[PDB]
Amino acid sequence: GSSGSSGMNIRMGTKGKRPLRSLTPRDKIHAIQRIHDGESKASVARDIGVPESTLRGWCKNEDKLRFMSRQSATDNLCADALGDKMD
């Protein structure tokens, strides 16, 4: 066996031979199109492995997202959040 999920929270230089937990804003767009093309919200959602709920979030702000890829400042805003309720 082998384990080691210690993790480290340090602010190293803006360069490293490793990926980043966070993802790019363009990634979301990739699928965003599918839905419009023809695919179904659910079909796409599961495609990557996300709850139809979240998915919608992007599609909603898709407008900006489309131009987001061009430039991005930082991820400091909640995409979606609780709202309506079905008794």
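Derivation of every value follows stated rules applied to the coordinates shown; laboratory data play no part. No Cβ is skipped: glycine too gets one built from the backbone with ideal geometry, and neighbour counts run over all protein chains shown.
Considering (1) surrounded by fewer than 12 Cβ atoms within 10 Å (Cβ to Cβ); (2) in contact with a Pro (Cβ under 7 Å, 6 or more places away or on another chain), the lone condition that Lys64 does not fulfil carries the number (2). Taking residues in the range 4-26 that are on the phi < 0 side of the Ramachandran plot and surrounded by 10 or more Cβ atoms within 10 Å (Cβ to Cβ), and partners anywhere that are of a type outside the set (A, V, I, L, M) and part of a loop (DSSP other than H, G, I, E, B), the pairs with Cβ atoms closer than 8 Å and at least 6 places apart or on different chains are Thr24/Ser69; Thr24/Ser72; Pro25/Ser69; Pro25/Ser72; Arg26/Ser69. Output the residues belonging to the range 19-65 that are among the charged types (D, E, K, R) and either closer than 30 Å to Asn9 by Cα or in contact with a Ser or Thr (Cβ under 9 Å, 6 or more places away or on another chain) (or both). The answer is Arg21, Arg26, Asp27, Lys28, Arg34.
Applying the condition of being among the acidic types (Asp, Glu) and loosely packed, with under 14 Cβ neighbours inside 10 Å to the range 27-44 and asking which residue is nearest to the chain's Cα centre (by Cα) yields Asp27.
Going by what's in this entry, would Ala81 be described as more than 15 Å from the chain's Cα centre (by Cα) and either in a loop (DSSP other than H, G, I, E, B) or without any contact (Cβ under 8 Å) to a residue 60 or more places away in the chain (or both)? Answer is no for this residue. Just give me the residues in the range 67-78 being assigned to a loop (DSSP other than H, G, I, E, B), exposed (fewer than 13 other Cβ atoms within 10 Å of the Cβ) and not basic (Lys, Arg), in sequence order. Residues satisfying the conditions are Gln71, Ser72, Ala73, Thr74, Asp75, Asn76, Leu77, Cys78.
Would you be able to tell me the number of residues in the range 1-50 that are hydroxyl-bearing (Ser, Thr, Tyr) and either in a helix (DSSP H, G or I) or within 22 Å of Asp75 (Cβ to Cβ) (or both)?
Initial filter on the range 1-50 (hydroxyl-bearing (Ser, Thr, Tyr)): 2-3, 5-6, 14, 22, 24, 40, 43.
Subsequent filtering for residues that are either in a helix (DSSP H, G or I) or within 22 Å of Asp75 (Cβ to Cβ) (or both) retains 14, 22, 24, 43.
Residues in the range 1-50 being hydroxyl-bearing (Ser, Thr, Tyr) and either in a helix (DSSP H, G or I) or within 22 Å of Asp75 (Cβ to Cβ) (or both): 4 in total.
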